[PDB]
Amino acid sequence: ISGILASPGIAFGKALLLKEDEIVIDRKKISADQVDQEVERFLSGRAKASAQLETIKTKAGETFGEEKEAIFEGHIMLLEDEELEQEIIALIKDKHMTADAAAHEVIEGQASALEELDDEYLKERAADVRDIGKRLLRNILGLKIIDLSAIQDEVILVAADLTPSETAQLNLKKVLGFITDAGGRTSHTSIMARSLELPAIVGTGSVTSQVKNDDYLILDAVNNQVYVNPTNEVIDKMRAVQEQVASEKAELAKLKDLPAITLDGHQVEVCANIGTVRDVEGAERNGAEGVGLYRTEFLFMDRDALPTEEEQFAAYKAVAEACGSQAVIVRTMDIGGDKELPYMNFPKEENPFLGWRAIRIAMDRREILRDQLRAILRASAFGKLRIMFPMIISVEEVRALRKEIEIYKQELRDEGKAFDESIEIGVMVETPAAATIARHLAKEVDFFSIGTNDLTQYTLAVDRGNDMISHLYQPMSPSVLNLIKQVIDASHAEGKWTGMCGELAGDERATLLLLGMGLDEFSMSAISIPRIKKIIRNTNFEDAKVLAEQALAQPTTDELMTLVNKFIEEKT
């Protein structure tokens, strides 16, 4: 069993397949003698659904507050609705339906009626009822129940795939790692997982049919294997591997306070990519100099509804303050990739990653763009904040966004609300357009950050979440690495600088190149900070610059890798 290394670590744990068992309704009519057993089946499965809910309601009386409780209390009501035991019981008795057939039809009726009124609030109950519907049915049906937030024991997730949203809400005290059939190194799912410090392997093809619930697994995400029901002998070897990983952390932690300077005096900034306030420890721990990218999406995901200016402002305030004196590049919201914000019901697209994403959504719905930009400016009252925009392709877009920034700024001035007047405004360069037009853009913004995840996806036209072509996904191709050069240069030509938060900035393989190409700031998963700090400290910039120039002249990846390879053999 072998996939793509996604997020590092070794994990020892029982398998939990997130793959939910299908609701198979028994459709054979029942007999008069059965009528009692079936009533009791439903009453039994209900009490069991009502159980799980009481223990999700008390959980949300804590880890979510005292309002999240009411939400789940309202659910319990929907389940224990006397219109339901009414209709359901009558279906079993009067039409000899299975308790599961009955539940299925009473629920559907209940939900369908609720929508058939012209109400947004009743349109929500119908979803609630259908979701309570499932819980009940699956409880009646005997099927297992999987609670991502409320996992009980230390497990390793095995699924076909995982959404960043799903990955968000994962209980960390309990999930030790995950493995998926599909995905790729550079999915937002894999990316997130890196800052959750959660080991993950993703391109497995078919883990979901090589692994069964409760198989003991060692997710070796150092050497890219999973072992299913391993011998004690294998476990022990894997425990030595686990320990060896810790020794490295220890040796590498010696770099924590050291700056990222090359042997010849060239300093670059080494920052962390974050998603949430909590990722900041990771950052402190790994010697971050600040935050090169704050993916605000992960906020919008962290919840069940669209965060207000108020709540965002609280959240960006906390991150700023949690970064003490250190700066933060807050990127405005990038939803629409492989980043579902489900609670919105944006319609399906044939190509989400070539779709209505990030900047395109906010510009379609100023409401969304206004709250956010407002929330960030108001929060730049309490920290050194920069603003950055995802998914820029045109100068036109940048200009429009600046207008908005200036409009929100006035509104703030007008309402006696403080913001850092000197706030720097930058643009992601993650689009072959933005790279092509970089000279121009460098004139309109304060800085760049290269998103090599998207730039690669788009340059090479390969979907970053698509295992089948992943061998074509090559951020280290002459294609992408020359676009990267262009961007960096365009920036310096205008006295501006370029960061990188794409996963390449964290890849040991790229550091010398990136370094020699004039990259100004490396933002990465906190875990990758020390190792990259290491190569930077053991590198001579001027030699890196000569190397990067011959590597980028190479016509194929291997010819290019080769140059890098020889250099590293000669230097070591």
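Residues carry their position along the shown sequence, with the first being 1.
- Of the two stretches examined, 174-182 and 447-455, the record assigns the greater average C-alpha temperature factor to 174-182.
- The PDB entry reports B-factors from which the mean C-alpha value can be compared for 72-80 and 188-196; the larger average falls on 72-80.
- Highest CA B-factor among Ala493, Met238, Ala253, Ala102, as stated in the entry: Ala102.
- Among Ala505, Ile536, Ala526, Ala60, the highest C-alpha B-factor in the deposited entry belongs to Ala60.
- When the modelled residues of the chain are ordered by C-alpha B-factor, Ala322 sits in the middle third.
- The PDB entry assigns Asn466 a C-alpha temperature factor belonging to the middle third of its chain's modelled residues.
- Split the chain's modelled residues into thirds by C-alpha temperature factor. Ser149 is in the highest one.
- Compared with the other modelled residues of the chain, the Cα B-factor recorded for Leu385 ranks in the middle third.
- Ranked against the other modelled residues of its chain, the C-alpha B-factor of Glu424 as given in the entry falls in the lowest third.
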